[PDB]
Amino acid sequence: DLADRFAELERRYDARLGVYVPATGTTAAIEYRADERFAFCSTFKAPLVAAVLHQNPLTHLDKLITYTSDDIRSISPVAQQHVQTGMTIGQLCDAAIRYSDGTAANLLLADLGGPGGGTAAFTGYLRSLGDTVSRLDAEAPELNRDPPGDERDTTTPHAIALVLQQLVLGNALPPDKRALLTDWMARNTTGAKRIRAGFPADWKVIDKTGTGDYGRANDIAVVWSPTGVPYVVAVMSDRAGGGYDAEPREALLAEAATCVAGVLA
Ligand SMILES: *C(=O)[C@@H](NC(=O)[C@H](N)c1ccc(O)cc1)[C@@H]1N[C@@H](C(=O)O)C(C)(C)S1
């Protein structure tokens, strides 16, 4: 029994786990704590890139953005290396998705513009996709730090799955922009030990991870069966019982995904 297996994993990792897989074709939706709020952490960077792509002509990707020492305020594997030269919008999108670069995401928020350094426009983009649940209130590093239960900077496995479905599988973006977002998530470097780890090699996986304080570990993915049948998989977790410094536990996500993959096979 699936709910029993997820609850077993919660006890194993002293965690709260949320899972959603939308209904499609002949599979019922898979849901576990799917309507409970979890911190976005870096998972927001996927719809952020979509927002930026949607808002501008495709060749806005070629615009050079400059930034300085005081803009590096969070884990930023790429932006720290290019600080002397700047990064184009396309480079920033690439880094935000593939390396979960915090500075890149902060600069992309500013590019979107408006109140809250872009967080309000980001939230408005989600509302345009019918997501009345999610909210972004802060940028990096603050967005990963809200106390357990606080609704700031949260989504739900249900809400973010439906957003990702529209972005990758549906028609939220035109095909060319859709393909850019899909390819960056396909080439993600941070996700090998999460949803990817729970699906057989002959299934295609694209994803965006998130990791935060209070043992937060998330992953949102689109997977394709060996016959090209796609599914959206959202797994979110925290370990609030260990306090602020609780270790995120990727293995929880790998195990949850293995259970999901068993049902979808
Ligand atoms: C978004 O989730 C980002 N999270 C980190 O910036 C955050 N400071 C943090 C990282 C790791 C911890 O143990 C605690 C807080 C980036 N996205 C993450 C991811 O998995 O995608 C990282 C790649 C770790 S950093």
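All of the numbers you see were taken from the coordinates with simple rules; none came from a lab. Methodologically, a virtual Cβ is constructed for each residue, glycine included, from the backbone with ideal geometry; neighbour enumeration extends over all protein chains shown.
Things worth noting here:
- The dipole here belongs to the chain: it is taken about the Cα centre, uses +1 on the Cβ of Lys and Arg and -1 on the Cβ of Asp and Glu, and is about 480 debye.
- Relative to its Kirkwood radius, the Cα radius of gyration of the stretch 200-241 gives an Rg/Rh of 1.14.
- Around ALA3: net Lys/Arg minus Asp/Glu count, Cβ-Cβ under 11 Å: -3
- Mean residue ellipticity (222 nm) of the chain, computed from DSSP H runs ≥ 4 via -39,500 (n - 2.57), nearest 500: -11000 deg cm²/dmol
- Label point 7 Å beyond Cα of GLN55 along Cβ direction - residues of the stretch 126-147 with amide nitrogen under 12 Å: 126
- Rounded to the nearest 20 debye, the dipole size of the stretch 33-121 about its Cα centre is 120 debye, using +1 on the Cβ of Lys and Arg and -1 on the Cβ of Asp and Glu.
- FRET efficiency for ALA138 and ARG12, using Cβ-Cβ distance with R0 set to 41 Å, rounded to 0.05: 0.85
- Annotation: for a label point projected 7 angstrom from Cα along Cα→Cβ of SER225, residues of the stretch 152-176 with backbone N closer than 18 Å are 169.
- Helix 175-186 vs. the chain, principal-axis angle (Cα, 0 to 90°, nearest 10): 70 degrees
- Average Cα contact separation per residue, the stretch 135-256, under 8 Å, 6 or more apart, as relative contact order %: 23 percent
- Other residues lying with their Cβ under 10 Å from the Cβ of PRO141 contribute a combined charge of -1, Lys and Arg counting +1, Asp and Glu -1.
- By other beta-carbon atoms within 10 Å, ranking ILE65, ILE72, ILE206 with the fewest at the front produces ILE72, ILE65, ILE206.
- Springs between Cα atoms under 10 Å define the GNM used for the chain, and in it the highest mean-square fluctuation of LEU92, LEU173, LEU108 occurs at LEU173.
- For the stretch 159-265, chymotrypsin sites (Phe, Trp or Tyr not before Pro) are listed when DSSP marks them as loop and at most 12 other Cβ atoms sit within 10 Å of their Cβ; the list is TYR244.
- Of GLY124, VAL21, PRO57, farthest towards positive along the dipole that unit charges on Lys, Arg, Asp, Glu beta carbons give the chain: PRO57
- 10 Å binning of all Cα-Cα separations within the stretch 223-265, expressed as whole percents from 0 upward: 23, 42, 22, 11, 1
- Cα lying deepest toward the dipole's positive end in the chain, options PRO174, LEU2, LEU136, charges on Cβ: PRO174
- The C-alpha radius of gyration of the chain, expressed as a fraction of 2.2 N^0.38 Å, stands at 0.95.
- For the chain, the relative contact order is 24 percent, taking Cα pairs closer than 8 Å that sit 6 or more residues apart in sequence and dividing their mean separation by the residue count.
- Dipole-positive endmost among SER225, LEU107, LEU48 within the chain (Cβ charges, Cα centre): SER225
- Three-way shape label, the stretch 6-47, alpha-carbon gyration tensor, a/c 1.5: oblate
- Shape of the stretch 72-221, Cα gyration tensor, a/c cut at 1.5: rounded
- Top of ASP213, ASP202, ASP131 by mean-square fluctuation, Gaussian network on the chain, Cα under 10 Å: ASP202
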